[PDB]
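Visitor: Submitted below is the structure of interest, expressed as structure tokens.
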Amino acid sequence: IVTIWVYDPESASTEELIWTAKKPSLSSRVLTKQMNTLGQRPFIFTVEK
Amino acid sequence: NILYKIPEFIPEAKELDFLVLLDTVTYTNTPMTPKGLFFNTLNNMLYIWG
């Protein structure tokens with residue numbers, strides 16, 4: 001099970017830059033819901049098949 | 001239901017054009033005077049002006 005959100009490397013927390021986070025920060029949460037309103041959804045695509 | 005609390009003072013933006021109004025910002029000293037609001041129902045846009 002993978003959990004995905006959107007984050008901005010300039011206005012992110014310290015954990016999200018070294019890949020040790022579990023819960024989105026305030027900037028990442030607000031940006032994620034703002035991009036969700038505009039109609040953005042991620043999907044995972046396997047390469048070999 | 002309450003939707004927003006308009007801040008008393010306008011924020012500061014030295015070189016920025018858009019500012020996503022979070023809970024951690026810096027305010028100036030000039031007061032903020034809201035005069036009206038406008039809703040666009042074709043694209044679901046809200047504007048507050050003053």
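Residues in the structure tokens are named by chain (A, B, ... in the order shown) and by number from 1 within that chain; ligands are numbered from 1 in the order shown.
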Kindly determine which residues of chain B lie within 12 Å of chain A, considering only C-alpha atoms, and give the answer as number ranges by chain.
Guide: B: 19-24, 43-45
Visitor: Would you list, as a ChimeraX atom specification, the residues of chain A that end up in helix (DSSP H, G or I) under DSSP run on this structure's backbone?
Guide: /A:15-18,26-37
Visitor: Next, the residues of the selection above should be written as a PDB file, in the first residue's frame with N, CA, C and O atoms.
Guide:
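This is the output file out_20.pdb:
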```
ATOM      1  N   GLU A  15      12.037  16.845   7.338  1.00  0.00           N
ATOM      2  CA  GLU A  15      11.936  15.400   7.180  1.00  0.00           C
ATOM      3  C   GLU A  15      11.663  15.004   5.737  1.00  0.00           C
ATOM      4  O   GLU A  15      12.246  14.034   5.241  1.00  0.00           O
ATOM      5  N   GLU A  16      10.800  15.749   5.045  1.00  0.00           N
ATOM      6  CA  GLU A  16      10.398  15.416   3.684  1.00  0.00           C
ATOM      7  C   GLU A  16      11.529  15.545   2.679  1.00  0.00           C
ATOM      8  O   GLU A  16      11.381  15.078   1.547  1.00  0.00           O
ATOM      9  N   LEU A  17      12.644  16.169   3.058  1.00  0.00           N
ATOM     10  CA  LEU A  17      13.796  16.299   2.181  1.00  0.00           C
ATOM     11  C   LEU A  17      14.776  15.142   2.302  1.00  0.00           C
ATOM     12  O   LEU A  17      15.547  14.908   1.366  1.00  0.00           O
ATOM     13  N   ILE A  18      14.772  14.420   3.423  1.00  0.00           N
ATOM     14  CA  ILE A  18      15.672  13.291   3.624  1.00  0.00           C
ATOM     15  C   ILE A  18      14.934  11.957   3.580  1.00  0.00           C
ATOM     16  O   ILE A  18      15.530  10.918   3.879  1.00  0.00           O
ATOM     17  N   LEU A  26       2.193  21.203   6.760  1.00  0.00           N
ATOM     18  CA  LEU A  26       1.095  22.118   6.465  1.00  0.00           C
ATOM     19  C   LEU A  26       1.141  22.589   5.016  1.00  0.00           C
ATOM     20  O   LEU A  26       0.110  22.599   4.326  1.00  0.00           O
ATOM     21  N   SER A  27       2.329  22.958   4.535  1.00  0.00           N
ATOM     22  CA  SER A  27       2.470  23.378   3.147  1.00  0.00           C
ATOM     23  C   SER A  27       2.137  22.247   2.186  1.00  0.00           C
ATOM     24  O   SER A  27       1.439  22.459   1.189  1.00  0.00           O
ATOM     25  N   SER A  28       2.620  21.037   2.477  1.00  0.00           N
ATOM     26  CA  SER A  28       2.373  19.908   1.585  1.00  0.00           C
ATOM     27  C   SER A  28       0.899  19.537   1.556  1.00  0.00           C
ATOM     28  O   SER A  28       0.356  19.234   0.490  1.00  0.00           O
ATOM     29  N   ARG A  29       0.231  19.577   2.708  1.00  0.00           N
ATOM     30  CA  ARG A  29      -1.191  19.256   2.753  1.00  0.00           C
ATOM     31  C   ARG A  29      -2.015  20.283   1.985  1.00  0.00           C
ATOM     32  O   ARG A  29      -2.903  19.921   1.196  1.00  0.00           O
ATOM     33  N   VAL A  30      -1.724  21.572   2.191  1.00  0.00           N
ATOM     34  CA  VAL A  30      -2.482  22.618   1.507  1.00  0.00           C
ATOM     35  C   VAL A  30      -2.249  22.558   0.002  1.00  0.00           C
ATOM     36  O   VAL A  30      -3.196  22.648  -0.792  1.00  0.00           O
ATOM     37  N   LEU A  31      -0.995  22.362  -0.415  1.00  0.00           N
ATOM     38  CA  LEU A  31      -0.696  22.242  -1.837  1.00  0.00           C
ATOM     39  C   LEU A  31      -1.366  21.016  -2.448  1.00  0.00           C
ATOM     40  O   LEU A  31      -1.870  21.077  -3.578  1.00  0.00           O
ATOM     41  N   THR A  32      -1.391  19.896  -1.717  1.00  0.00           N
ATOM     42  CA  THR A  32      -1.998  18.678  -2.240  1.00  0.00           C
ATOM     43  C   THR A  32      -3.492  18.859  -2.449  1.00  0.00           C
ATOM     44  O   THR A  32      -4.029  18.481  -3.496  1.00  0.00           O
ATOM     45  N   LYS A  33      -4.184  19.468  -1.484  1.00  0.00           N
ATOM     46  CA  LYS A  33      -5.619  19.635  -1.695  1.00  0.00           C
ATOM     47  C   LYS A  33      -5.918  20.698  -2.748  1.00  0.00           C
ATOM     48  O   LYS A  33      -6.918  20.584  -3.472  1.00  0.00           O
ATOM     49  N   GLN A  34      -5.053  21.706  -2.886  1.00  0.00           N
ATOM     50  CA  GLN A  34      -5.256  22.693  -3.941  1.00  0.00           C
ATOM     51  C   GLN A  34      -5.060  22.086  -5.323  1.00  0.00           C
ATOM     52  O   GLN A  34      -5.758  22.456  -6.271  1.00  0.00           O
ATOM     53  N   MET A  35      -4.108  21.168  -5.467  1.00  0.00           N
ATOM     54  CA  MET A  35      -3.932  20.524  -6.763  1.00  0.00           C
ATOM     55  C   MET A  35      -4.983  19.454  -6.996  1.00  0.00           C
ATOM     56  O   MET A  35      -5.263  19.103  -8.147  1.00  0.00           O
ATOM     57  N   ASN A  36      -5.577  18.927  -5.925  1.00  0.00           N
ATOM     58  CA  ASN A  36      -6.688  17.995  -6.081  1.00  0.00           C
ATOM     59  C   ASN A  36      -7.943  18.713  -6.557  1.00  0.00           C
ATOM     60  O   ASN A  36      -8.735  18.143  -7.315  1.00  0.00           O
ATOM     61  N   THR A  37      -8.147  19.958  -6.122  1.00  0.00           N
ATOM     62  CA  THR A  37      -9.307  20.712  -6.589  1.00  0.00           C
ATOM     63  C   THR A  37      -9.229  20.985  -8.086  1.00  0.00           C
ATOM     64  O   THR A  37     -10.236  20.912  -8.794  1.00  0.00           O
TER      65      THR A  37
END
```
Visitor: Could you give me, as a PDB file with C-alpha atoms, in the first residue's frame, the residues within 8 Å of residue 49 of chain B, counting only C-alpha atoms and dropping anything in the same chain fewer than 3 positions from it?
Guide:
```
ATOM      1  CA  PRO B  34     -12.886  44.311   2.916  1.00  0.00           C
ATOM      2  CA  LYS B  35     -15.607  45.859   0.760  1.00  0.00           C
ATOM      3  CA  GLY B  36     -17.211  43.072  -1.245  1.00  0.00           C
ATOM      4  CA  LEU B  37     -17.141  39.581  -2.681  1.00  0.00           C
TER       5      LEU B  37
END
```
Visitor: My list of candidates is B:9, B:47, B:14, B:42. Which is closest to residue 30 of chain B when distances are computed with only C-alpha atoms?
Guide: B:9
Visitor: Can you list, as a list in words, every protein, DNA or RNA residue that comes within 12 Å of residue 31 of chain B when you count only C-alpha atoms, leaving out same-chain residues fewer than 6 positions away?
Guide: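 My reading of the contact set: residues 6, 7, 8, 9, 10, 11 and 50 of chain B.
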Visitor: Export C-alpha atoms of the chosen residues as a compact mmCIF listing (two decimals), in the first residue's frame?
Guide:
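Result written to part.txt:
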```txt
# COMPACT_ATOMS: atom_id res chain seq x y z
CA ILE B 6 -10.33 37.85 7.23
CA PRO B 7 -7.03 39.01 8.79
CA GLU B 8 -6.85 42.44 10.38
CA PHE B 9 -3.64 43.44 8.59
CA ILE B 10 -2.62 42.69 5.03
CA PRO B 11 0.41 40.38 4.67
CA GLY B 50 -11.32 45.91 -0.90
```
